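J.: Below is a structure I'd like to ask you about.
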Amino acid sequence: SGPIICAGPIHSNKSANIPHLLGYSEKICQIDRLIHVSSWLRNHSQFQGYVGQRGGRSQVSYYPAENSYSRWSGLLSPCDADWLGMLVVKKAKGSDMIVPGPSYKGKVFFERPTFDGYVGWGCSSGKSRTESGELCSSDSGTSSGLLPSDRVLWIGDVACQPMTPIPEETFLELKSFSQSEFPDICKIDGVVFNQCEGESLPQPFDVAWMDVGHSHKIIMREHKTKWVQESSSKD
Amino acid sequence: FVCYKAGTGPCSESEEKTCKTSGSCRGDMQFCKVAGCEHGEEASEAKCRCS
Amino acid sequence: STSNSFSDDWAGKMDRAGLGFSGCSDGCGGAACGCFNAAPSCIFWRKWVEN
Amino acid sequence: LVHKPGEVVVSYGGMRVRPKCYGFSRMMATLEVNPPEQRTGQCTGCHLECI
Ligand SMILES: *[C@@H]1O[C@H](CO)[C@@H](O[C@@H]2O[C@H](CO)[C@@H](O)[C@H](O)[C@H]2NC(C)=O)[C@H](O)[C@H]1NC(C)=O
Ligand SMILES: *[C@@H]1O[C@H](CO)[C@@H](O)[C@H](O)[C@H]1NC(C)=O
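Protein sequence lines correspond, in order, to chains A, W, H and U. Numbering-wise, the first sequence is residues 21 to 255 according to the authors' numbering. Numbering-wise, the second sequence is residues 256 to 306 according to the authors' numbering. Numbering-wise, the third sequence is residues 664 to 714 according to the authors' numbering. Numbering-wise, the fourth sequence is residues 307 to 357 according to the authors' numbering.
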């Protein structure tokens, strides 16, 4: 839809400090103002400046261009789940492949959920990705330090939620059933999954997945979901 | 298969030979399927686009 | 006449799924049925075939 | 209360699991390639006799 609590600040000066917050309300408020992305850019990407002025998290573009979860403002993105302490974000490893298809021209930061976790990819100050996104070329529009919200792309539609620990036997049975239901898949990003006595060329493959906080992911084809509210106090 | 760099034009022989022979190139799904491709967006000043 | 029962969440947009029929049915209401209102709930379903 | 359908629970093979994140995206993977290349074309040693 639109905003959740309020709009985005003006950010008149060059770089403003980021105070620490503890309550859920102020954290949701600063997430709605696209401050978490600025904090991530100031932690590992050393990017001076803020992005998404007066745009909020509602104007964030997506690759499929038809995101039904965008109408539900209550769902939390994986970046918000990492900001809330649910999961652990992984650094940008050069050995990881990024699924092509979107045009990275004019964009400054984009995240891609990998198979063994969640990684991010951004550029430094005054630079932006090209049409292919291989390098960070110079951009005159990125010199002001304020970038609109359309320059942030989220690869794939994924939402997170609090989970419950499960024993190892159930996880092992699920992994066995998944690897038995997909005999053609052999390796996923340099991770041994099945036994094929040989590796083939990389090829895209669309399939759903879920995480239970373990090392590798678990893909599933046939699944039945159910949405329950439960009237929890955390919401 | 024809290669061309965006903004510059046709590239020289070295990059196209490394794209066709080695296999660490970057192209469409057809090139990734018939010869292989590496799209890890590594550090590179330019890349000759093949299609 | 709306029969497109795909709210950007079903697995119909795949290459290995195949053919199917976008159907729907009705549900019950109450705390035991999953909602907080004594009214029928919209429950969608999708079937297909595999090999 | 925030506007959302709440937490989602998925069942697979009769077992109910509460995942952390739920989404559908693409991922690079490999396929199984069988290059038989005339494993057993034609080879046999026999003989004929008359009765
Ligand atoms: C990004 O950097 C900030 C700045 O250090 C990190 O904030 C710290 O978080 C730890 C964890 O609780 C606190 O003990 C420190 O006091 C914080 N420092 C501050 C607020 O200046 C932050 O954790 C880093 N990571 C993210 C995702 O923001
Ligand atoms: C933020 O604004 C204050 C206001 O005086 C000033 O220090 C400066 O413009 C900004 N701080 C920076 C860039 O560190």
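In this text, a Cβ means the ideal position worked out from N, Cα and C, and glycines have one as well.
Between residue 109 of chain A and ligand 1, is there a pair consisting of the residue's CB and a ligand heavy atom that are separated by less than 8 Å?
T.: The answer is yes for residue 109 of chain A.
J.: Could you tell me whether the Cβ of residue 299 of chain W comes closer than 9 Å to any Cβ of chain A?
T.: Output row for residue 299 of chain W: interface = yes.
J.: Nearest CA to the CA of residue 235 of chain A: which residue from A/96, A/123, A/134 and A/122?
T.: Comparing Cα-Cα distances from residue 235 of chain A to each of A/96, A/123, A/134 and A/122, the minimum goes to A/134.
J.: Return helix, strand or coil for residue 6 of chain A, following the three-state DSSP convention.
T.: Because chain A is modelled from 21 through 255, residue 6 of chain A falls outside the range shown and cannot be assessed.
J.: Which one of A/25, A/113, A/71 and A/120 has the shortest CA to CA distance from residue 84 of chain A?
T.: Residue 84 of chain A has its Cα closest to that of A/120, out of A/25, A/113, A/71 and A/120.
J.: Any C-beta of chain H within less than 9 Å: which residues of the stretch 213 to 228 of chain A qualify?
T.: Listed by position along the chain: 225, 226, 227 and 228.
J.: For residue 131 of chain A, which residues does DSSP report across the bridge?
T.: For residue 131 of chain A, which the question treats as bridged, DSSP gives the partners A/140 and A/174.
J.: Rounded to a whole number of angstroms, what is the C-alpha to C-alpha distance between residue 238 of chain A and residue 77 of chain A?
T.: If you take the alpha carbons of residue 238 of chain A and residue 77 of chain A, they lie about 29 Å apart.
J.: Which two residues bound the contiguous beta strand (DSSP E) that contains residue 317 of chain U?
T.: Run containing residue 317 of chain U: 313 to 318, per the beta strand (DSSP E) assignment.
J.: Count Cβ pairs between the stretch 110 to 117 of chain A and the stretch 134 to 150 of chain A that sit closer than 8 Å; are there 3 or more?
T.: These segments touch.
J.: Please state whether DSSP places residue 329 of chain U in a helix, a strand or coil.
T.: Residue state, collapsed to three classes: strand.
J.: Please confirm whether any heavy atom of ligand 2 lies closer than 8 Å to the CB of residue 34 of chain A.
T.: Yes, since a heavy atom of ligand 2 falls inside the 8 Å radius drawn around the Cβ of residue 34 of chain A.
J.: As a quick exercise: from A/126, A/228 and A/103, pick the residue whose alpha carbon is nearest that of residue 677 of chain H.
T.: Nearest of A/126, A/228 and A/103 to residue 677 of chain H, Cα basis: A/228.
J.: Residue 281 of chain W and residue 302 of chain W look like a contact to me (Cβ under 8 Å); what is the Cβ gap, rounded to whole Å?
T.: Going by Cβ atoms, the distance from residue 281 of chain W to residue 302 of chain W rounds to 6 Å, so yes, they are a contact pair.
J.: Contact defined as beta carbons within less than 8 Å: I believe residue 148 of chain A pairs with residue 159 of chain A. What is the distance between those atoms, to the nearest angstrom?
T.: Right, their Cβ atoms sit about 4 Å apart.
J.: Here's the rule I'm using: 16 or more other beta-carbon atoms within 10 Å means buried, otherwise exposed. How should residue 701 of chain H be labelled?
T.: Per the 10 Å Cβ criterion, exposed.
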